[PDB]
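Chemist: A single structure is presented below for examination.
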Amino acid sequence: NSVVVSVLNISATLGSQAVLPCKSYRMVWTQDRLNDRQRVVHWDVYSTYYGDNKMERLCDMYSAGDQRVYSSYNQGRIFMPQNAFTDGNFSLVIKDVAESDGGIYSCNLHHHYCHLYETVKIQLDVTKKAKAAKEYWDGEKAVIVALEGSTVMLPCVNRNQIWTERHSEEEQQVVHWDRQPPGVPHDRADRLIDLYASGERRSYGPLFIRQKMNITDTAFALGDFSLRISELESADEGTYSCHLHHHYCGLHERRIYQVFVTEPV
Amino acid sequence: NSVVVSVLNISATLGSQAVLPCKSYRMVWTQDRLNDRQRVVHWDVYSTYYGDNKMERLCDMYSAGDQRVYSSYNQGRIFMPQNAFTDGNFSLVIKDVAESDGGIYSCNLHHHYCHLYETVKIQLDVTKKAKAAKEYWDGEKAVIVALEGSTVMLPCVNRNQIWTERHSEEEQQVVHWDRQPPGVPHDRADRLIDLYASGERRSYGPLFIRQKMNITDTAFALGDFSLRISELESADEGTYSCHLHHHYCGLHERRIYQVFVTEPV
Amino acid sequence: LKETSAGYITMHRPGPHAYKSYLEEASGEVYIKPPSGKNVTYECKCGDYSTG
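Protein chains in written order, with the deposited numbering: chain I, 32 to 296; chain C, 32 to 296; chain H, 161 to 212.
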């Protein structure tokens with residue numbers, strides 16, 4: 032079931048042209064014949080202890096890939112359970128912690144195809160005395176304190192269906208432009224036009240209105256599903272709905288526009 | 032599609048008996064339980080150089096058989112490519128040609144089951160000087176001139192579907208006696224009787240007319256498909272057609288008789 | 161998934177084709193009966209490579 036992104040009242044004028052801007056560059060479909068089928072996660076530390084005070088990437092996991100350590104030392108020190116890729120527990124383990132190792136950690140997720148990314152922030156500290164070695168939660172971040180050289184764990188788990196493995200067949204991202212007939216309540220529209228990720232478009236109703244219902248030929252690619260209705264008629268009067276669903280990314284959204292034909296004034 | 036062998040006007044007299052002689056001893060069906068399934072080709076030279084001036088058979092190929100040379104010398108001299116049996120290029124090769132070898136050659140094909148045979152004639156000559164060694168075509172025969180002892184080739188190819196291998200299941204030779212009803216144009220007849228090579232006969236219409244429509248019980252064997260119509264009636268008036276087809280031999284023929292009932296005079 | 165990003169297969173126009181039903185030879189003289197409503201070409205070599 033989709034979720035109403037927004038509801039807008041459209042004062043469409045008879046004879047003139049009206050535009051429904053339903054679109055999202057996030058919904059953009061990959062143009063190359065090889066649509067991205069991989070996702071990446073990584074860990075990066077920003078330790079101000081370094082005079083360079085830059086952010087350095089400890090390691091990164093690639094979907095269906097092989098674990099690869101950026102440097103020559105984090106191997107053994109950094110443990111990223113391979114099976115956890117299915118579990119989603121993208122946690123990090125340090126064997127020994129030095130005074131130069133404490134700082135700011137960040138676990139980041141990136142996905143090119145879905146164009147969805149996330150970041151979570153954590154703090155690590157090291158002390159010579161275990162008396163002050165105690166974790167605490169700051170709401171916006173977590174602070175870890177542990178003895179020098181002691182094994183420590185940093186949790187990064189999202190528990191999301193998209194980020195866990197699901198080799199589902201890539202259902203075409205359905206897009207539906209459906210207009211409620213005149214004097215009809217919402218959710219009772221008949222599909223004016225249907226758009227598939229493959230680029231095929233299914234037209235409904237008269238062909239002349241579809242031609243005047245200008246839609247960019249690259250809408251399935253660019254995602255510009257905005258509906259441009261020209262030579263407005265009383266028949267076109269009624270609410271419009273722009274539904275989008277992406278099974279692979281799992282997105283489901285709908286935009287409702289109260290399109291009423293108004294005579295020129 | 033059959034071919035009209037001949038068209039004859041039959042002045043059948045009412046009450047009397049009329050005979051349609053549609054038949055062919057070539058169409059005769061083999062009586063023995065083992066119908067011949069083999070065909071033969073051979074080469075034979077008639078060299079007048081011999082004082083005996085007889086025709087002697089160089090060699091012969093039997094379908095599904097083994098190459099066999101009549102004499103003890105032509106082996107090696109005579110080459111009949113086995114694969115050519117499928118190609119149909121029943122050509123002959125001589126390694127060395129002597130003054131006593133030149134003469135008249137003949138390539139002959141015989142088939143017992145289909146009872147079809149063919150012969151093609153060629154001339155061979157040998158000279159001591161290659162200057163006069165040149166083939167020529169006389170329309171009714173071909174003359175070959177070559178140096179003594181030189182390898183020579185004589186072509187015998189028919190390029191016929193019957194003479195090339197086709198292990199088709201032996202479809203019964205269909206015979207159809209079909210009479211055009213009174214006042215009906217040709218090619219609109221209804222089968223009066225059907226005859227199969229196996230000897231089974233399918234009767235159509237009244238049984239009394241079939242009994243009076245005397246046909247020799249051995250017609251499928253002897254091939255005497257001639258139709259003897261007795262006690263002629265006005266209903267029998269109309270054109271008669273005798274169709275024969277042999278799938279194995281590929282024959283297809285039809286005989287049309289303009290049978291009109293005429294009152295006695 | 162129907163979408164593919166590997167391989168490459170050629171594609172070109174076809175050559176000529178042959179049939180018997182176009183030509184009928186029940187009689188001594190030649191007869192050609194092309195299917196109704198279809199352009200057809202024919203070739204013969206006796207004397208010259210004559211086509212119609």
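Cβ atoms here follow ideal geometry from the backbone N, Cα and C, with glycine treated the same way.
1. Taking only beta-carbon atoms, is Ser165 (chain H) less than 8 Å away from chain I?
2. Who are the Cβ neighbours of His146 (chain C) in its own chain at under 6 Å, not counting the five residues just before and after it?
3. Run through the stretch 83-115 of chain I for me and flag every whole beta strand (DSSP E) of 3 or more residues, listed as ranges in chain order.
4. Got a sec, what are the start and stop residues for the beta strand (DSSP E) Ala173 (chain I) sits in?
5. Which stretch, first to last residue, makes up the alpha helix (DSSP H) that contains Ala252 (chain I)?
6. Quick one, are the C-beta atoms of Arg108 (chain I) and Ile135 (chain I) less than 8 Å apart?
7. Name the chain I residues that come within less than 7 Å of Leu161 (chain H), Cβ to Cβ?
8. Under 9 Å Cβ-Cβ, which residues of chain H neighbour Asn32 (chain C)?
9. Helix, strand or coil for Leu161 (chain H) per DSSP?
10. Can you tell me where the beta strand (DSSP E) with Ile125 (chain I) in it begins and where it stops?
11. Would a check of beta-carbon distances place residue 355 (chain I) closer than 8 Å to chain H?
12. Could you check which residue in I:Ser234, I:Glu294 and I:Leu226 has the C-alpha nearest to that of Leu275 (chain I)?
13. Classify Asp169 (chain C) as helix, strand or coil using the three-state DSSP reduction.
14. If I measure Cβ to Cβ from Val38 (chain I) and keep anything under 7 Å in the same chain, skipping five residues before and after, which residues do I get?
15. Is the stretch 197-206 of chain I close to the stretch 268-283 of chain I, with three or more CB pairs under 8 Å?
16. Can you tell me which of the three DSSP states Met171 (chain H) falls into?
17. What did DSSP end up calling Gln48 (chain I) once you bin it into helix, strand or coil?
18. Quick one: using the 10 Å Cβ neighbour count with 16 as the cut-off for buried, is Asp267 (chain I) buried or exposed?
19. Among the residues of its own chain, which have a CB less than 7 Å from the CB of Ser55 (chain C), if the five just before and after it don't count?
20. So, at 7 Å on beta carbons, what are the nonlocal neighbours of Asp67 (chain C) in its own chain, with the 5 sequence-adjacent residues on each side left out?
21. Quick one: Cα of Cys187 (chain I) to Cα of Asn120 (chain I), how far?
22. Hey, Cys90 (chain C) and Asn114 (chain C): beta-carbon distance below 8 Å or not?
23. The beta strand (DSSP E) that contains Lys152 (chain I), what's its start and end?
24. Would you grab the beta carbon distance between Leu178 (chain C) and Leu123 (chain C) for me? Rounded to a whole angstrom, and I think it's under 8 Å.
25. Looking at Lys243 (chain C): is its Cβ nearer than 8 Å to the Cβ of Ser261 (chain C)?
26. In whole angstroms, what is the alpha-carbon distance linking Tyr148 (chain C) and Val36 (chain C)?
27. Closest to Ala173 (chain I) by C-alpha separation, out of I:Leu155, I:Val34, I:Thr182 and I:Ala228, would be which residue?
28. Under the rule that 16 or more other beta-carbon atoms within 10 Å means buried, what is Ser272 (chain I), buried or exposed?
29. Tell me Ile41 (chain I)'s beta-bridge partners as DSSP assigns them.
30. Measuring CB atoms only, is the stretch 157-165 of chain I touching the stretch 207-218 of chain I, in the sense that at least three cross pairs come out at less than 8 Å?
31. Just to confirm the assignment, what range does the beta strand (DSSP E) spanning residue 329 (chain I) have?
32. Could you give the DSSP three-state label for residue 297 (chain C): helix, strand or coil?
33. Cα separation between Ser199 (chain C) and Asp127 (chain C)?
Modeler: Considering the structure as presented:
1. yes
2. Closer than 6 Å at Cβ, skipping near neighbours: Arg57.
3. 87-93
4. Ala173 to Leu178
5. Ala250 to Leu253
6. No.
7. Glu200 and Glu201
8. In chain order, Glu184 and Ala186 make up the part of chain H whose C-beta sits under 9 Å from the C-beta of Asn32 (chain C).
9. Here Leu161 (chain H) sits in coil by DSSP.
10. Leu123 to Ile125
11. A query on residue 355 (chain I) cannot be resolved here, the shown segment of chain I reaching from 32 to 296 and no further.
12. I:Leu226
13. coil
14. These residues qualify, in order along the chain: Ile287.
15. yes
16. coil
17. The three-state secondary structure of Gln48 (chain I), taken from DSSP, is coil.
18. buried
19. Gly254
20. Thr61, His143 and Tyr144
21. 6 Å
22. no
23. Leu147 to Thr158
24. With 8 Å as the limit, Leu178 (chain C) and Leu123 (chain C) do not qualify as a contact, their Cβ atoms being about 18 Å apart.
25. yes
26. When rounded, the distance between both Cα atoms is 20 Å.
27. Considering only alpha carbons, the answer is I:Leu155.
28. Counting Cβ neighbours within 10 Å, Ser272 (chain I) comes out buried, since at least 16 surround it.
29. Its beta-bridge partners are I:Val290.
30. no
31. Nothing can be reported for residue 329 (chain I), as the shown portion of chain I is limited to 32 through 296.
32. For residue 297 (chain C) there is no data in the structure shown, the boundaries of chain C being 32 and 296.
33. 41 Å
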